[PDB]
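What's in query-v2.cif: mmCIF, N, CA and C atoms
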```
data_run
#
loop_
_atom_site.label_atom_id
_atom_site.label_comp_id
_atom_site.auth_asym_id
_atom_site.auth_seq_id
_atom_site.Cartn_x
_atom_site.Cartn_y
_atom_site.Cartn_z
N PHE A 1 0.84 -1.22 0.00
CA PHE A 1 0.00 0.00 0.00
C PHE A 1 0.86 1.25 0.00
N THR A 2 2.08 1.13 0.50
CA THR A 2 2.99 2.26 0.52
C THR A 2 3.49 2.62 -0.87
N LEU A 3 3.40 1.68 -1.82
CA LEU A 3 3.94 1.89 -3.15
C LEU A 3 3.40 3.16 -3.78
N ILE A 4 2.15 3.52 -3.47
CA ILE A 4 1.50 4.67 -4.09
C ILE A 4 1.99 5.97 -3.46
N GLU A 5 2.12 5.98 -2.13
CA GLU A 5 2.82 7.05 -1.43
C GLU A 5 4.18 7.28 -2.07
N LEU A 6 4.85 6.21 -2.43
CA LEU A 6 6.08 6.44 -3.14
C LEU A 6 5.85 6.94 -4.55
N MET A 7 4.76 6.57 -5.21
CA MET A 7 4.55 7.05 -6.57
C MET A 7 4.60 8.55 -6.63
N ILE A 8 3.91 9.20 -5.69
CA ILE A 8 4.08 10.64 -5.67
C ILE A 8 5.53 10.96 -5.41
N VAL A 9 6.18 10.25 -4.48
CA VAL A 9 7.51 10.71 -4.10
C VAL A 9 8.51 10.57 -5.26
N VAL A 10 8.37 9.50 -6.06
CA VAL A 10 9.13 9.36 -7.30
C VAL A 10 8.88 10.58 -8.18
N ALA A 11 7.60 10.94 -8.32
CA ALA A 11 7.27 12.15 -9.06
C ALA A 11 8.01 13.35 -8.47
N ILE A 12 7.81 13.60 -7.17
CA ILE A 12 8.31 14.78 -6.46
C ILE A 12 9.79 14.98 -6.74
N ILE A 13 10.56 13.90 -6.63
CA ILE A 13 11.96 13.95 -7.04
C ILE A 13 12.03 14.45 -8.47
N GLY A 14 11.12 13.97 -9.32
CA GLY A 14 11.19 14.33 -10.72
C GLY A 14 10.96 15.80 -11.00
N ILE A 15 9.91 16.40 -10.41
CA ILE A 15 9.27 17.54 -11.09
C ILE A 15 10.22 18.73 -11.17
N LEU A 16 11.17 18.85 -10.24
CA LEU A 16 12.04 20.02 -10.16
C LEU A 16 12.72 20.28 -11.50
N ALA A 17 12.44 21.45 -12.11
CA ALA A 17 12.65 21.64 -13.54
C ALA A 17 13.24 23.00 -13.89
N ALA A 18 13.91 23.66 -12.96
CA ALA A 18 14.59 24.91 -13.28
C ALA A 18 15.91 25.04 -12.52
N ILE A 19 16.61 23.93 -12.28
CA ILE A 19 17.66 23.88 -11.27
C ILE A 19 18.93 24.55 -11.77
N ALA A 20 19.56 23.95 -12.76
CA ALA A 20 20.87 24.41 -13.16
C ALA A 20 20.70 25.59 -14.09
N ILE A 21 20.77 26.78 -13.52
CA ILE A 21 20.78 28.02 -14.30
C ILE A 21 22.22 28.50 -14.21
N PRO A 22 23.09 27.99 -15.05
CA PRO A 22 24.51 28.33 -14.99
C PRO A 22 24.78 29.78 -15.32
N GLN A 23 24.28 30.22 -16.47
CA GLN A 23 24.49 31.57 -17.00
C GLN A 23 23.67 32.58 -16.23
N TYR A 24 23.01 32.13 -15.18
CA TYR A 24 22.85 32.97 -14.01
C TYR A 24 24.22 33.54 -13.68
N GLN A 25 25.23 32.67 -13.50
CA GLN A 25 26.62 33.11 -13.26
C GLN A 25 27.13 34.09 -14.29
N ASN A 26 26.50 34.15 -15.46
CA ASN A 26 26.95 34.97 -16.55
C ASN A 26 26.15 36.26 -16.70
N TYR A 27 24.91 36.35 -16.20
CA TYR A 27 24.39 37.68 -15.90
C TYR A 27 25.02 38.23 -14.65
N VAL A 28 25.28 37.37 -13.67
CA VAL A 28 26.18 37.72 -12.59
C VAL A 28 27.48 38.24 -13.19
N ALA A 29 27.96 37.59 -14.24
CA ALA A 29 29.20 38.05 -14.85
C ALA A 29 29.03 39.43 -15.47
N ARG A 30 27.89 39.68 -16.10
CA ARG A 30 27.63 41.00 -16.65
C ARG A 30 27.52 42.03 -15.55
N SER A 31 26.88 41.65 -14.46
CA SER A 31 26.79 42.51 -13.30
C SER A 31 28.17 42.79 -12.76
N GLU A 32 29.02 41.78 -12.77
CA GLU A 32 30.34 41.91 -12.20
C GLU A 32 31.22 42.77 -13.10
N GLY A 33 30.94 42.78 -14.40
CA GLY A 33 31.74 43.53 -15.34
C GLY A 33 31.31 44.98 -15.46
N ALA A 34 30.02 45.18 -15.67
CA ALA A 34 29.49 46.54 -15.68
C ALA A 34 29.66 47.18 -14.32
N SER A 35 29.27 46.47 -13.29
CA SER A 35 29.48 46.96 -11.94
C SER A 35 30.96 46.99 -11.59
N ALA A 36 31.80 46.30 -12.37
CA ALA A 36 33.22 46.58 -12.31
C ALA A 36 33.57 47.91 -12.97
N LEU A 37 32.76 48.38 -13.92
CA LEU A 37 32.96 49.74 -14.41
C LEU A 37 32.50 50.76 -13.39
N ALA A 38 31.45 50.43 -12.64
CA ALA A 38 30.96 51.33 -11.60
C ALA A 38 32.06 51.70 -10.62
N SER A 39 32.96 50.76 -10.36
CA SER A 39 34.04 51.01 -9.41
C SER A 39 34.95 52.13 -9.88
N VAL A 40 35.18 52.24 -11.19
CA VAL A 40 36.22 53.12 -11.72
C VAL A 40 35.66 54.42 -12.26
N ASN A 41 34.37 54.50 -12.53
CA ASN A 41 33.86 55.60 -13.34
C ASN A 41 34.09 56.99 -12.78
N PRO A 42 33.99 57.26 -11.48
CA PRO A 42 34.41 58.57 -10.98
C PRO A 42 35.91 58.76 -10.94
N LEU A 43 36.69 57.74 -11.27
CA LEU A 43 38.13 57.89 -11.31
C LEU A 43 38.64 58.30 -12.67
N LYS A 44 37.91 57.96 -13.73
CA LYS A 44 37.98 58.76 -14.94
C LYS A 44 37.88 60.23 -14.57
N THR A 45 36.77 60.55 -13.91
CA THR A 45 36.45 61.90 -13.49
C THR A 45 37.49 62.46 -12.54
N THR A 46 38.28 61.62 -11.87
CA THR A 46 39.27 62.03 -10.89
C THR A 46 40.63 62.33 -11.53
N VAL A 47 41.09 61.43 -12.40
CA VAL A 47 42.25 61.73 -13.23
C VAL A 47 42.02 63.07 -13.91
N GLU A 48 40.87 63.20 -14.57
CA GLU A 48 40.53 64.48 -15.18
C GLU A 48 40.24 65.56 -14.15
N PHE B 1 30.65 65.58 -11.84
CA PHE B 1 31.05 66.06 -13.19
C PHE B 1 31.11 67.57 -13.22
N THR B 2 30.36 68.21 -12.34
CA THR B 2 30.37 69.67 -12.28
C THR B 2 31.67 70.21 -11.72
N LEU B 3 32.43 69.37 -11.00
CA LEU B 3 33.65 69.81 -10.34
C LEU B 3 34.60 70.50 -11.31
N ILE B 4 34.61 70.05 -12.57
CA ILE B 4 35.55 70.57 -13.56
C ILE B 4 35.08 71.93 -14.08
N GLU B 5 33.78 72.06 -14.35
CA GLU B 5 33.16 73.36 -14.59
C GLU B 5 33.55 74.33 -13.49
N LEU B 6 33.57 73.85 -12.27
CA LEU B 6 34.05 74.75 -11.25
C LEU B 6 35.54 74.97 -11.33
N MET B 7 36.33 74.00 -11.80
CA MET B 7 37.77 74.22 -11.86
C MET B 7 38.10 75.45 -12.65
N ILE B 8 37.45 75.59 -13.81
CA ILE B 8 37.66 76.86 -14.50
C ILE B 8 37.18 77.98 -13.62
N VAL B 9 36.02 77.83 -12.96
CA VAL B 9 35.48 79.00 -12.28
C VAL B 9 36.37 79.44 -11.11
N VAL B 10 36.97 78.48 -10.41
CA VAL B 10 37.99 78.77 -9.41
C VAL B 10 39.11 79.57 -10.05
N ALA B 11 39.57 79.10 -11.21
CA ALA B 11 40.56 79.86 -11.95
C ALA B 11 40.08 81.28 -12.22
N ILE B 12 38.91 81.40 -12.86
CA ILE B 12 38.35 82.67 -13.33
C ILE B 12 38.35 83.70 -12.22
N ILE B 13 37.90 83.29 -11.03
CA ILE B 13 38.03 84.15 -9.86
C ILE B 13 39.48 84.55 -9.70
N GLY B 14 40.39 83.60 -9.91
CA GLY B 14 41.79 83.88 -9.68
C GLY B 14 42.38 84.92 -10.62
N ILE B 15 42.13 84.79 -11.93
CA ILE B 15 43.11 85.32 -12.90
C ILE B 15 43.23 86.83 -12.80
N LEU B 16 42.17 87.52 -12.38
CA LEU B 16 42.13 88.98 -12.39
C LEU B 16 43.34 89.55 -11.65
N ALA B 17 44.19 90.30 -12.36
CA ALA B 17 45.56 90.54 -11.92
C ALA B 17 46.04 91.97 -12.14
N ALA B 18 45.13 92.93 -12.24
CA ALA B 18 45.53 94.33 -12.33
C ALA B 18 44.56 95.24 -11.58
N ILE B 19 43.99 94.77 -10.46
CA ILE B 19 42.80 95.39 -9.89
C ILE B 19 43.15 96.66 -9.15
N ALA B 20 43.87 96.52 -8.05
CA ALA B 20 44.08 97.66 -7.17
C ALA B 20 45.23 98.47 -7.73
N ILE B 21 44.89 99.49 -8.50
CA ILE B 21 45.86 100.47 -8.98
C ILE B 21 45.58 101.71 -8.15
N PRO B 22 46.12 101.79 -6.96
CA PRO B 22 45.85 102.91 -6.06
C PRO B 22 46.37 104.23 -6.59
N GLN B 23 47.67 104.25 -6.92
CA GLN B 23 48.38 105.44 -7.37
C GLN B 23 47.99 105.79 -8.79
N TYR B 24 47.02 105.07 -9.33
CA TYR B 24 46.09 105.69 -10.24
C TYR B 24 45.60 106.97 -9.59
N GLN B 25 45.07 106.88 -8.35
CA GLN B 25 44.64 108.06 -7.59
C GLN B 25 45.71 109.12 -7.46
N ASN B 26 46.97 108.76 -7.68
CA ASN B 26 48.09 109.65 -7.50
C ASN B 26 48.63 110.21 -8.81
N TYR B 27 48.41 109.55 -9.96
CA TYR B 27 48.47 110.33 -11.20
C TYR B 27 47.24 111.19 -11.35
N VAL B 28 46.09 110.68 -10.93
CA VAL B 28 44.93 111.53 -10.71
C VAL B 28 45.35 112.69 -9.83
N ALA B 29 46.15 112.44 -8.81
CA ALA B 29 46.58 113.52 -7.94
C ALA B 29 47.46 114.51 -8.68
N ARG B 30 48.33 114.01 -9.55
CA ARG B 30 49.16 114.90 -10.34
C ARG B 30 48.31 115.70 -11.31
N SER B 31 47.32 115.04 -11.89
CA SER B 31 46.38 115.72 -12.75
C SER B 31 45.64 116.78 -11.98
N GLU B 32 45.30 116.47 -10.75
CA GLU B 32 44.51 117.38 -9.94
C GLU B 32 45.35 118.57 -9.50
N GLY B 33 46.66 118.37 -9.38
CA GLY B 33 47.55 119.41 -8.92
C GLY B 33 48.02 120.32 -10.04
N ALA B 34 48.51 119.71 -11.11
CA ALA B 34 48.88 120.49 -12.29
C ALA B 34 47.66 121.15 -12.88
N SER B 35 46.60 120.38 -13.06
CA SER B 35 45.36 120.94 -13.54
C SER B 35 44.73 121.85 -12.50
N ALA B 36 45.19 121.77 -11.25
CA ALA B 36 44.91 122.84 -10.31
C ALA B 36 45.71 124.10 -10.61
N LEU B 37 46.88 123.97 -11.25
CA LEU B 37 47.56 125.16 -11.73
C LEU B 37 46.86 125.74 -12.94
N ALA B 38 46.28 124.88 -13.78
CA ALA B 38 45.55 125.34 -14.95
C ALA B 38 44.45 126.32 -14.56
N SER B 39 43.85 126.11 -13.40
CA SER B 39 42.77 126.98 -12.95
C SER B 39 43.24 128.41 -12.75
N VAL B 40 44.48 128.59 -12.27
CA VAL B 40 44.95 129.90 -11.83
C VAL B 40 45.82 130.60 -12.85
N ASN B 41 46.35 129.89 -13.83
CA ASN B 41 47.43 130.44 -14.63
C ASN B 41 47.10 131.72 -15.39
N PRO B 42 45.92 131.91 -15.97
CA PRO B 42 45.60 133.23 -16.52
C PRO B 42 45.29 134.28 -15.47
N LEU B 43 45.27 133.91 -14.19
CA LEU B 43 45.05 134.88 -13.14
C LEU B 43 46.34 135.47 -12.61
N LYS B 44 47.44 134.74 -12.70
CA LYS B 44 48.74 135.38 -12.78
C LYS B 44 48.67 136.51 -13.78
N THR B 45 48.32 136.13 -15.01
CA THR B 45 48.22 137.04 -16.13
C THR B 45 47.20 138.14 -15.90
N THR B 46 46.25 137.95 -14.98
CA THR B 46 45.19 138.91 -14.70
C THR B 46 45.59 139.93 -13.64
N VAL B 47 46.17 139.45 -12.54
CA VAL B 47 46.80 140.36 -11.58
C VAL B 47 47.74 141.28 -12.34
N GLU B 48 48.63 140.68 -13.13
CA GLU B 48 49.51 141.48 -13.95
C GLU B 48 48.78 142.21 -15.07
#
```
If you took the structure in this file and wrote it as structure tokens, what would it be?
Amino acid sequence: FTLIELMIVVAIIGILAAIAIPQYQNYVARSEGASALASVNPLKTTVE
Amino acid sequence: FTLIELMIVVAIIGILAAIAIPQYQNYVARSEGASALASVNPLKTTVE
């Protein structure tokens, strides 16, 4: 009778369907690069 | 970014470099003294 309780649980393991968003790391990368420009931009203005 | 607009303006305040000509008042004084002789000179000539 427990087999059916597991049927959902087999499903539950299954359904997760948005896990590995790697290039999350790559909008993170864009954030890190543009926001790496944020670090320097008033120093343009400072040299000048 | 406005800091640089002010850099010129700090300069502009600075550059003025011929302001206090006091003894302007003293060539004025020479004018006033010699030209004070101008007032009387035909009155030499008038007494005489």
Identify all residues of chain B in alpha helix (DSSP H) (DSSP on the backbone) and supply them as a PyMOL selection string. chain B and resi 2-15+24-47
Chain A in the frame of chain B after full C-alpha superposition, as a PDB file with N, CA and C atoms, in the coordinates of the input:
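Saved result, selection.pdb, follows:
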```pdb
ATOM      1  N   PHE A   1      30.654  65.577 -11.846  1.00  0.00           N
ATOM      2  CA  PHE A   1      31.045  66.059 -13.191  1.00  0.00           C
ATOM      3  C   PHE A   1      31.106  67.574 -13.226  1.00  0.00           C
ATOM      4  N   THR A   2      30.361  68.218 -12.341  1.00  0.00           N
ATOM      5  CA  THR A   2      30.369  69.668 -12.276  1.00  0.00           C
ATOM      6  C   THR A   2      31.675  70.210 -11.716  1.00  0.00           C
ATOM      7  N   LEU A   3      32.434  69.370 -11.000  1.00  0.00           N
ATOM      8  CA  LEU A   3      33.646  69.818 -10.340  1.00  0.00           C
ATOM      9  C   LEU A   3      34.594  70.498 -11.310  1.00  0.00           C
ATOM     10  N   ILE A   4      34.609  70.055 -12.571  1.00  0.00           N
ATOM     11  CA  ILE A   4      35.547  70.574 -13.562  1.00  0.00           C
ATOM     12  C   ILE A   4      35.083  71.930 -14.084  1.00  0.00           C
ATOM     13  N   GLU A   5      33.779  72.058 -14.345  1.00  0.00           N
ATOM     14  CA  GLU A   5      33.163  73.356 -14.592  1.00  0.00           C
ATOM     15  C   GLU A   5      33.553  74.328 -13.490  1.00  0.00           C
ATOM     16  N   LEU A   6      33.569  73.854 -12.266  1.00  0.00           N
ATOM     17  CA  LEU A   6      34.052  74.747 -11.246  1.00  0.00           C
ATOM     18  C   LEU A   6      35.547  74.967 -11.329  1.00  0.00           C
ATOM     19  N   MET A   7      36.330  74.002 -11.793  1.00  0.00           N
ATOM     20  CA  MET A   7      37.769  74.220 -11.862  1.00  0.00           C
ATOM     21  C   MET A   7      38.093  75.453 -12.655  1.00  0.00           C
ATOM     22  N   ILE A   8      37.445  75.596 -13.813  1.00  0.00           N
ATOM     23  CA  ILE A   8      37.657  76.856 -14.500  1.00  0.00           C
ATOM     24  C   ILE A   8      37.179  77.982 -13.620  1.00  0.00           C
ATOM     25  N   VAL A   9      36.024  77.827 -12.962  1.00  0.00           N
ATOM     26  CA  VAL A   9      35.480  78.998 -12.286  1.00  0.00           C
ATOM     27  C   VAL A   9      36.373  79.443 -11.116  1.00  0.00           C
ATOM     28  N   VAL A  10      36.973  78.474 -10.405  1.00  0.00           N
ATOM     29  CA  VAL A  10      37.991  78.773  -9.400  1.00  0.00           C
ATOM     30  C   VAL A  10      39.112  79.578 -10.048  1.00  0.00           C
ATOM     31  N   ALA A  11      39.567  79.103 -11.213  1.00  0.00           N
ATOM     32  CA  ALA A  11      40.568  79.856 -11.955  1.00  0.00           C
ATOM     33  C   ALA A  11      40.074  81.279 -12.215  1.00  0.00           C
ATOM     34  N   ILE A  12      38.909  81.402 -12.861  1.00  0.00           N
ATOM     35  CA  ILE A  12      38.344  82.671 -13.329  1.00  0.00           C
ATOM     36  C   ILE A  12      38.357  83.701 -12.213  1.00  0.00           C
ATOM     37  N   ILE A  13      37.899  83.294 -11.031  1.00  0.00           N
ATOM     38  CA  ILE A  13      38.026  84.152  -9.858  1.00  0.00           C
ATOM     39  C   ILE A  13      39.481  84.550  -9.701  1.00  0.00           C
ATOM     40  N   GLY A  14      40.391  83.597  -9.911  1.00  0.00           N
ATOM     41  CA  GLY A  14      41.791  83.883  -9.684  1.00  0.00           C
ATOM     42  C   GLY A  14      42.377  84.920 -10.619  1.00  0.00           C
ATOM     43  N   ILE A  15      42.128  84.798 -11.936  1.00  0.00           N
ATOM     44  CA  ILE A  15      43.120  85.312 -12.897  1.00  0.00           C
ATOM     45  C   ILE A  15      43.228  86.831 -12.807  1.00  0.00           C
ATOM     46  N   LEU A  16      42.166  87.521 -12.384  1.00  0.00           N
ATOM     47  CA  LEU A  16      42.133  88.981 -12.388  1.00  0.00           C
ATOM     48  C   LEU A  16      43.336  89.551 -11.645  1.00  0.00           C
ATOM     49  N   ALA A  17      44.195  90.306 -12.361  1.00  0.00           N
ATOM     50  CA  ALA A  17      45.565  90.538 -11.920  1.00  0.00           C
ATOM     51  C   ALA A  17      46.035  91.970 -12.135  1.00  0.00           C
ATOM     52  N   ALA A  18      45.129  92.929 -12.235  1.00  0.00           N
ATOM     53  CA  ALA A  18      45.533  94.327 -12.326  1.00  0.00           C
ATOM     54  C   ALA A  18      44.564  95.240 -11.574  1.00  0.00           C
ATOM     55  N   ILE A  19      43.990  94.770 -10.465  1.00  0.00           N
ATOM     56  CA  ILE A  19      42.800  95.386  -9.889  1.00  0.00           C
ATOM     57  C   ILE A  19      43.154  96.663  -9.143  1.00  0.00           C
ATOM     58  N   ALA A  20      43.871  96.523  -8.047  1.00  0.00           N
ATOM     59  CA  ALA A  20      44.082  97.658  -7.178  1.00  0.00           C
ATOM     60  C   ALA A  20      45.228  98.476  -7.727  1.00  0.00           C
ATOM     61  N   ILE A  21      44.885  99.492  -8.499  1.00  0.00           N
ATOM     62  CA  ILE A  21      45.862 100.471  -8.982  1.00  0.00           C
ATOM     63  C   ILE A  21      45.579 101.714  -8.155  1.00  0.00           C
ATOM     64  N   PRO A  22      46.122 101.794  -6.962  1.00  0.00           N
ATOM     65  CA  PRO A  22      45.845 102.912  -6.063  1.00  0.00           C
ATOM     66  C   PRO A  22      46.377 104.228  -6.584  1.00  0.00           C
ATOM     67  N   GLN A  23      47.664 104.248  -6.913  1.00  0.00           N
ATOM     68  CA  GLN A  23      48.382 105.442  -7.370  1.00  0.00           C
ATOM     69  C   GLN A  23      47.989 105.791  -8.788  1.00  0.00           C
ATOM     70  N   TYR A  24      47.026 105.071  -9.330  1.00  0.00           N
ATOM     71  CA  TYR A  24      46.086 105.689 -10.244  1.00  0.00           C
ATOM     72  C   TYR A  24      45.602 106.971  -9.586  1.00  0.00           C
ATOM     73  N   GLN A  25      45.068 106.877  -8.355  1.00  0.00           N
ATOM     74  CA  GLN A  25      44.643 108.064  -7.584  1.00  0.00           C
ATOM     75  C   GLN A  25      45.714 109.122  -7.464  1.00  0.00           C
ATOM     76  N   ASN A  26      46.977 108.758  -7.675  1.00  0.00           N
ATOM     77  CA  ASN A  26      48.088 109.650  -7.495  1.00  0.00           C
ATOM     78  C   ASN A  26      48.629 110.208  -8.808  1.00  0.00           C
ATOM     79  N   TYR A  27      48.409 109.560  -9.960  1.00  0.00           N
ATOM     80  CA  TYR A  27      48.469 110.330 -11.198  1.00  0.00           C
ATOM     81  C   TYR A  27      47.242 111.186 -11.353  1.00  0.00           C
ATOM     82  N   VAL A  28      46.088 110.680 -10.928  1.00  0.00           N
ATOM     83  CA  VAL A  28      44.935 111.530 -10.714  1.00  0.00           C
ATOM     84  C   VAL A  28      45.351 112.701  -9.833  1.00  0.00           C
ATOM     85  N   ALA A  29      46.147 112.430  -8.809  1.00  0.00           N
ATOM     86  CA  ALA A  29      46.574 113.517  -7.938  1.00  0.00           C
ATOM     87  C   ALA A  29      47.458 114.506  -8.684  1.00  0.00           C
ATOM     88  N   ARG A  30      48.337 114.010  -9.545  1.00  0.00           N
ATOM     89  CA  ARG A  30      49.161 114.899 -10.346  1.00  0.00           C
ATOM     90  C   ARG A  30      48.314 115.697 -11.310  1.00  0.00           C
ATOM     91  N   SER A  31      47.321 115.046 -11.887  1.00  0.00           N
ATOM     92  CA  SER A  31      46.381 115.721 -12.755  1.00  0.00           C
ATOM     93  C   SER A  31      45.639 116.783 -11.982  1.00  0.00           C
ATOM     94  N   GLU A  32      45.294 116.475 -10.746  1.00  0.00           N
ATOM     95  CA  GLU A  32      44.508 117.381  -9.943  1.00  0.00           C
ATOM     96  C   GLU A  32      45.359 118.567  -9.501  1.00  0.00           C
ATOM     97  N   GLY A  33      46.668 118.367  -9.376  1.00  0.00           N
ATOM     98  CA  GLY A  33      47.552 119.415  -8.923  1.00  0.00           C
ATOM     99  C   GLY A  33      48.020 120.322 -10.046  1.00  0.00           C
ATOM    100  N   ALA A  34      48.515 119.710 -11.109  1.00  0.00           N
ATOM    101  CA  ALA A  34      48.880 120.489 -12.288  1.00  0.00           C
ATOM    102  C   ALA A  34      47.655 121.147 -12.883  1.00  0.00           C
ATOM    103  N   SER A  35      46.610 120.378 -13.062  1.00  0.00           N
ATOM    104  CA  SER A  35      45.359 120.939 -13.538  1.00  0.00           C
ATOM    105  C   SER A  35      44.735 121.853 -12.495  1.00  0.00           C
ATOM    106  N   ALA A  36      45.192 121.773 -11.240  1.00  0.00           N
ATOM    107  CA  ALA A  36      44.905 122.843 -10.307  1.00  0.00           C
ATOM    108  C   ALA A  36      45.716 124.099 -10.609  1.00  0.00           C
ATOM    109  N   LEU A  37      46.877 123.966 -11.251  1.00  0.00           N
ATOM    110  CA  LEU A  37      47.560 125.162 -11.732  1.00  0.00           C
ATOM    111  C   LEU A  37      46.857 125.742 -12.941  1.00  0.00           C
ATOM    112  N   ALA A  38      46.282 124.877 -13.775  1.00  0.00           N
ATOM    113  CA  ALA A  38      45.544 125.343 -14.946  1.00  0.00           C
ATOM    114  C   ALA A  38      44.451 126.324 -14.560  1.00  0.00           C
ATOM    115  N   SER A  39      43.849 126.111 -13.397  1.00  0.00           N
ATOM    116  CA  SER A  39      42.767 126.984 -12.951  1.00  0.00           C
ATOM    117  C   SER A  39      43.246 128.410 -12.748  1.00  0.00           C
ATOM    118  N   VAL A  40      44.482 128.593 -12.279  1.00  0.00           N
ATOM    119  CA  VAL A  40      44.948 129.901 -11.823  1.00  0.00           C
ATOM    120  C   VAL A  40      45.818 130.597 -12.850  1.00  0.00           C
ATOM    121  N   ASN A  41      46.349 129.886 -13.828  1.00  0.00           N
ATOM    122  CA  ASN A  41      47.432 130.442 -14.630  1.00  0.00           C
ATOM    123  C   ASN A  41      47.104 131.714 -15.387  1.00  0.00           C
ATOM    124  N   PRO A  42      45.922 131.913 -15.967  1.00  0.00           N
ATOM    125  CA  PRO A  42      45.599 133.232 -16.514  1.00  0.00           C
ATOM    126  C   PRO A  42      45.298 134.276 -15.463  1.00  0.00           C
ATOM    127  N   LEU A  43      45.273 133.909 -14.189  1.00  0.00           N
ATOM    128  CA  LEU A  43      45.054 134.883 -13.140  1.00  0.00           C
ATOM    129  C   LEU A  43      46.338 135.472 -12.609  1.00  0.00           C
ATOM    130  N   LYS A  44      47.441 134.732 -12.701  1.00  0.00           N
ATOM    131  CA  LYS A  44      48.739 135.378 -12.774  1.00  0.00           C
ATOM    132  C   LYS A  44      48.674 136.513 -13.782  1.00  0.00           C
ATOM    133  N   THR A  45      48.317 136.132 -15.006  1.00  0.00           N
ATOM    134  CA  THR A  45      48.225 137.041 -16.131  1.00  0.00           C
ATOM    135  C   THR A  45      47.208 138.139 -15.892  1.00  0.00           C
ATOM    136  N   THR A  46      46.251 137.954 -14.981  1.00  0.00           N
ATOM    137  CA  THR A  46      45.187 138.902 -14.704  1.00  0.00           C
ATOM    138  C   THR A  46      45.590 139.931 -13.641  1.00  0.00           C
ATOM    139  N   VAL A  47      46.170 139.452 -12.540  1.00  0.00           N
ATOM    140  CA  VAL A  47      46.795 140.356 -11.582  1.00  0.00           C
ATOM    141  C   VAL A  47      47.742 141.275 -12.336  1.00  0.00           C
ATOM    142  N   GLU A  48      48.629 140.676 -13.129  1.00  0.00           N
ATOM    143  CA  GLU A  48      49.520 141.484 -13.954  1.00  0.00           C
ATOM    144  C   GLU A  48      48.785 142.213 -15.067  1.00  0.00           C
TER     145      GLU A  48
END
```
Taking the file as shown, find all residues satisfying the PyMOL selection byres ((chain B and name CA) within 10 of (chain A and name CA)) and write them as a VMD selection string. chain B and resid 1 to 4
Would you compute the distance between CA of residue 38 (chain B) and atom N of residue 23 (chain B)? Give it in Å to one decimal.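 Taking CA of residue 38 (chain B) and atom N of residue 23 (chain B), their separation equals 22.7 Å.
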